[PDB]
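Here's a solo chain for you in structure tokens, the form deposited in one PDB entry.
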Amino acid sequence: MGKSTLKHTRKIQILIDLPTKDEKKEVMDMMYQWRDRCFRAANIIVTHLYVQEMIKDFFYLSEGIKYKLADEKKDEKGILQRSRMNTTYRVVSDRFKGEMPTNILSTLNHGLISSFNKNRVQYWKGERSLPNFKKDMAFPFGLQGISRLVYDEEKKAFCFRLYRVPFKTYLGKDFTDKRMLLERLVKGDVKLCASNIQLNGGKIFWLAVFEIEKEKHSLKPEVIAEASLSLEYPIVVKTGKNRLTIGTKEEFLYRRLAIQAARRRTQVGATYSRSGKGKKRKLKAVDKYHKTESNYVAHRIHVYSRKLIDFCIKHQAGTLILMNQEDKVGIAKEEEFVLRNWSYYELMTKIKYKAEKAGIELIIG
């Protein structure tokens, strides 16, 4: 049977459920320490995953031996004294046990092993570099960390123990969307996967990953929704006698141009701003816009994709054709207008995942 669930990541804000500020500050320090140790652990993980592969390379080049990285107790040609995952897990555990729960290590290690296998061909070829894990990496955690999940009616928050550190969920005015997802969880009706935790400016965010089942609508395979990038208009979609134009030139280009003008002005005025304190503070105003344009354009793409998907759903379009541009049977380039290709800012990632969750068959033309 095929996979009927798609992993979705919901930002659930959790606050530390302790009375005083000293204990909350201690908890904050503990999680900051977890982040630091996790970033160091990931760097160690990937480095130790490079080194033994290049040991195999050096031995093959020196004496032509087809050494394979595996347990020597089970393999004649193996250079390893245990399983490679367990090897690098042993090194990270020996270097950082007791400062953090070991599930952070043993869910980081799996995520990095599973990726290095797929990048092995490139790494031997030489066309990719070794990841330098950031200091602001959200550390992963498994199902084993969540315990004592319970809806507390006294405090109107979902309460759980993330590794003997109690937490209440600060959903705010989200009585309908994620208060339902968590109660579907405490009752064992929805699955949780390995998640992450974010630490931004004194706030704790729970990047919980779930398994949201496919939605069942009335989709007609014969009906075709021809969405064409007349890339003047953001999205213009054809379906029989139905035409919907999603987005406007002033709505995307002009506001992103205003934010661009603000960013360039901040860069120009940053040279004579408060100096003498490094690259960070001079560029503070510029950095504020480092993550305003991305947020705005991501929201625009989310809105456009959702409106396209809804135009397909309401009109029962079972096949969404991305009609690209191909302008004038492959004629030369025109002057310009606004959105470029079908994969501009992860548009074809968003459309693909939303259509697959919605069940719409997707074809790229």
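Only the largest set of C-alpha atoms that superpose within 1.5 Å between the two forms is called the rigid core. In this text, residue numbers run from 1 along the sequence as written.
Another form, the form deposited in another entry, is not on view; read the next lines as being about it.
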Once the rigid core is lined up, just say which one of 337, 67, 296, 39 has a C-alpha that travels 2 Å or more between this form and the one not shown. 337
Rigid core aligned, does the Cα position of residue 52 differ by 2 Å or more between this form and the one not shown? no
Please check if residue 29 moves between this form and the one not shown, taking a CA shift of 2 Å or more relative to the superposed core as movement. no
How about residue 325 - superposed on the rigid core, does its CA move between this form and the one not shown by 2 Å or more? yes
Residue pair residue 308, residue 342 - Cα distance in that other deposited form, closer or farther (3 Å or more): farther
Is the CA-CA spacing of residue 336 and residue 236 tighter or wider in that other deposited form than here, given a 3 Å or more change? farther
